[PDB]
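Enquirer: coordinates only, sequence not included:
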Ligand SMILES: C[C@@H]1O[C@@H](O)[C@H](O[C@H]2OC(C(=O)O)=C[C@H](O)[C@H]2O)[C@H](O)[C@H]1O
């Protein structure tokens with residue numbers, strides 16, 4: 001029941017399930033594998049087991065050639081996320097192929113379309129729409145690159161993107177942030193007055209809090225946002241925990257509507273909150289009192305969402321598949337999948353930040 005034990009169990013199950021050539025979407029550079037591999041590389045640093053490092057490197061090498069060339073969806077913030085695996089790979093090998101690949105992804109920022117205030121469109125196919133998920137897809141990578149190449153322009157970039165998102169999607173009443181915002185107000189889900197989508201979808205908010213929790217330490221010392229983001233995170237975590245499931249300790253697909261019978265407890269979102277809370281506590285951004293909420297979620301997660309198959313495979317169920325911006329009925333109707341990379345990555349990542357607290361609990 002130690003966090004890392006489950007993390008390795010799930011990691012090995014996924015790796016045994018897919019060769020790096022099969023890791024879905026097969027032979028594509030995408031954030032599905034990106035988040036899972038970020039988890040795998042984090043587990044590597046925590047255990048020192050070379051095969052976690054080698055598996056991640058295998059996927060990178062399948063897509064990045066001898067000259068650092070990489071094929072990717074050029075209009076999506078989503079394409080940048082996997083770039084996060086390039087930093088630990090480069091730091092360990094010093095192979096310039098990874099820095100060259102990272103530069104191709106970093107060069108995308110200047111080619112992307114933006115809203116009138118400068119917020120990146122989530123994709124070319126989603127004109128003038130900012131989705132919370134985008135903060136994680138393009139934020140952390142930008143800061144990691146900023147520190148690697150001493151390009152301060154990227155600090156301002158992330159600060160702007162984050163402020164624009166919070167400004168347009170944060171709900172005063174609940175403290176939760178709406179999934180998406182359409183400056184053009186052309187999408188059917190765009191509120192005629194605010195331009196926001198109608199629901200608080202767990203994972204989207206989860207991507208946001210994990211981002212804040214990880215990006216604070218990347219900012220230069222004394223940076224104005226070290227305090228802005230810490231405070232934003234405290235308020236969001238406070239808001240989020242107000243909706244934790246009293247019985248299971250988990251969170252619902254649609255955060256603020258757990259009473260509805262068509263709603264349900266979703267795994268990846270819960271894990272992302274667990275990660276942000278654990279991370280926040282370890283870095284001193286959140287009151288250590290949150291440890292109980294965290295350990296309660298861990299208990300419910302393992303108890304209600306995990307099991308081992310007759311064959312010995314560790315399974316995490318109720319992970320929502322890739323999802324777009326929409327209405328309530330669309331969100332609750334999303335396919336629930338077992339070991340979907342969205343959830344596997346979130347699960348493993350959460351276990352790596354949880355472990356430390358788990359071992360110092362009571363001290
Ligand atoms: C190409 C597919 O586009 C969407 O269906 C999904 O990606 C979106 O949803 C999510 C998510 O966390 O569910 C994250 C991305 O930021 C967003 O673009 C699929 O995952 C994509 O494969």
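Expert: Good, I have the coordinates. Residues are numbered from 1 along each chain as shown.
Enquirer: can we go C-alpha only for contacts and neighbour counts from here?
Expert: Fine.
Enquirer: skipping its backbone neighbours, what lies nearest residue 294 in space?
Expert: residue 274 (5.9 Å; C-alpha to C-alpha, 6 or more residues apart in numbering).
Enquirer: list the residues that contact the one you found.
Expert: 294, 297-298, 350, 354 (C-alpha atoms under 8 Å, 6 or more residues apart in numbering).
Enquirer: show me what counts as buried in the helix or strand containing residue 99.
Expert: Element membership of residue 99, judged by DSSP states H and E, is helix 96-106. In terms of neighbour count (16 or more other C-alpha atoms under 10 Å), helix 96-106 has its buried residues at 97-102, 104-106.
Enquirer: try stretch 37-49
Expert: Those would be 37-44, for stretch 37-49 by 16+ other C-alpha under 10 Å.
Enquirer: just stretch 66-81 next, same as before
Expert: Buried, per 16+ other C-alpha under 10 Å, within stretch 66-81: 68, 70, 72, 74-81.
Enquirer: same question, stretch 131-151
Expert: Going by 16+ other C-alpha under 10 Å, stretch 131-151 has these buried residues: 131-146.
Enquirer: which stretches in the protein count as helices?
Expert: 3-17, 31-47, 50-63, 86-93, 96-106, 133-149, 153-169, 202-215, 224-241, 267-283, 291-305, 328-332, 341-360 (DSSP state H).
Enquirer: tell me which of these sits nearest to the ligand.
Expert: Across the helices of the chain, the minimum distance to the ligand, taken as C-alpha to the nearest ligand atom, is reached by helix 133-149, at 4.5 Å.
Enquirer: who does the closest one touch, helix- and strand-wise?
Expert: helix 96-106, helix 153-169, helix 202-215 (3 or more C-alpha pairs under 8 Å, 6 or more residues apart in numbering; DSSP states H and E).
Enquirer: give me the angle between the longest one and helix 96-106.
Expert: Helix 153-169 and helix 96-106 meet at an angle of 40 degrees, taking axes from the mean of the first three to the mean of the last three C-alpha atoms, to 10 degrees as the criterion.
Enquirer: neighbouring contacts of helix 153-169?
Expert: Contacts of helix 153-169 (C-alpha under 8 Å, 6+ apart): 117-120, 130-132, 135, 139, 142-143, 145-146, 177-181, 194, 196, 219, 225.
Enquirer: go on, stretch 220-231?
Expert: Outside stretch 220-231, the residues within contact range by C-alpha under 8 Å, 6+ apart are 159, 212-213, 216-217, 219, 285.
Enquirer: who wins on neighbours among the residues you listed?
Expert: Using other C-alpha atoms under 10 Å as the neighbour criterion, residue 212 leads the contacts of stretch 220-231 with 25 neighbours.
Enquirer: surely it and residue 235 touch.
Expert: No: with contact defined as C-alpha atoms under 8 Å, residue 212 and residue 235 do not form a contacting pair (11.7 Å).
Enquirer: so which bits of the stretch 1-150 of the chain are right by the ligand?
Expert: 78, 133-134 (C-alpha under 6 Å from any ligand atom).
Enquirer: go on, the stretch 251-363 of the chain?
Expert: Contact residues, the stretch 251-363 of the chain versus the ligand (C-alpha under 6 Å from any ligand atom): 321-324.
Enquirer: buried only: go through these for me.
Expert: By 16+ other C-alpha under 10 Å, these give residue 321 as buried.
Enquirer: what would the residues of the stretch 251-363 of the chain next to the ligand look like in a markdown table with distance to residue 248?
Expert: Formatted as a markdown table, these follow (distance: C-alpha to C-alpha, whole Å):
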| residue | distance to residue 248 |
| --- | --- |
| 321 | 22 |
| 322 | 24 |
| 323 | 24 |
| 324 | 27 |
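Enquirer: what's the most distant pair in the residues of the stretch 251-363 of the chain next to the ligand?
Expert: 321 and 324 (9.9 Å; C-alpha to C-alpha).
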